[PDB]
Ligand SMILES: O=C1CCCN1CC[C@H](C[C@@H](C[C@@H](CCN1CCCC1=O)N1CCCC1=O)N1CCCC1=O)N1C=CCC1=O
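Read the single chain below, which is given as C-alpha cells and is the form deposited without the named molecule.
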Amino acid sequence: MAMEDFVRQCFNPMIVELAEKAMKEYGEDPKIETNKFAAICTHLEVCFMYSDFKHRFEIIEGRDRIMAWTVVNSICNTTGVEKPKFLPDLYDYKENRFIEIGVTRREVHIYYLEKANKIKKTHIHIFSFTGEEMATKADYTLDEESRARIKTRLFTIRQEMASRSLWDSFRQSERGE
C-alpha cells in the first residue's frame, strides 16, 4: 500500500488538493515526497480544526504564498501587530497574535525548540501523534475538548498508517540524517 494512495484515501479531497498546490509552489513532487505529502495534509487538517474551535481565527495556511502574505499584511495594518519574518499558520483575533502550528512524530519538546529557534511574538503550539502538546508559556489557547479532538485525529491517522505498515517510514522521514 503506497503512502500516496493512503493520503488520497485518508484525507478529505479539499485537504489533498491544497496540499498538492502547496507542494507545487515550493517545487516538491507529491508522488516522490509521499511522507511529506502526508505530513502537509495532516498539518493542514490541524490548522482547520484549530480555527474551527464572527470567527476567532484567520487561517493563513492553505493559501498560495501571495494571498497568505496579503492576509498577514492586512491584519498587521489593522491591528499594528508586528509583521512576522516567517509565514505563520493562524491569527488569533481574541489574543491578537499570530500562531505557528507544529505537528511532529518526535518528542514535542525537541520540535518546540526547533520552532522557537527558527523564528526568534508568534505563539507556538506543537502537537504530537502521541497525545502530547507543548505551547508558548503553556498557553494552549483552545479549551481541553478542542485539543483532545485534535490529538485523537492525529493518533487515528497514526494508527491508520500503522495498520497499512506506513507508520515506521513516516516517523523516520521527519528529520534528516
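Note that residue numbering follows the sequence shown and begins at 1.
The protein also exists as the form deposited with the named molecule bound; that form is not presented, and the subsequent description refers to it.
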Next item on the list: May I ask you to check whether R63 falls inside a 4.5 Å heavy atom distance of the named molecule in the deposited bound form?
Entry: yes
Next item on the list: Find out whether any non-hydrogen atom of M14 is located within 4.5 angstroms of the named molecule in the deposited bound form, and reply yes or no.
Entry: yes
Check: Closest heavy atom of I59 to the named molecule in the deposited bound form, within 4.5 Å or not?
Finding: yes
Check: Given that the partner is absent here, does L18 sit within 4.5 Å of the named molecule in the deposited bound form, heavy atoms only?
Finding: yes
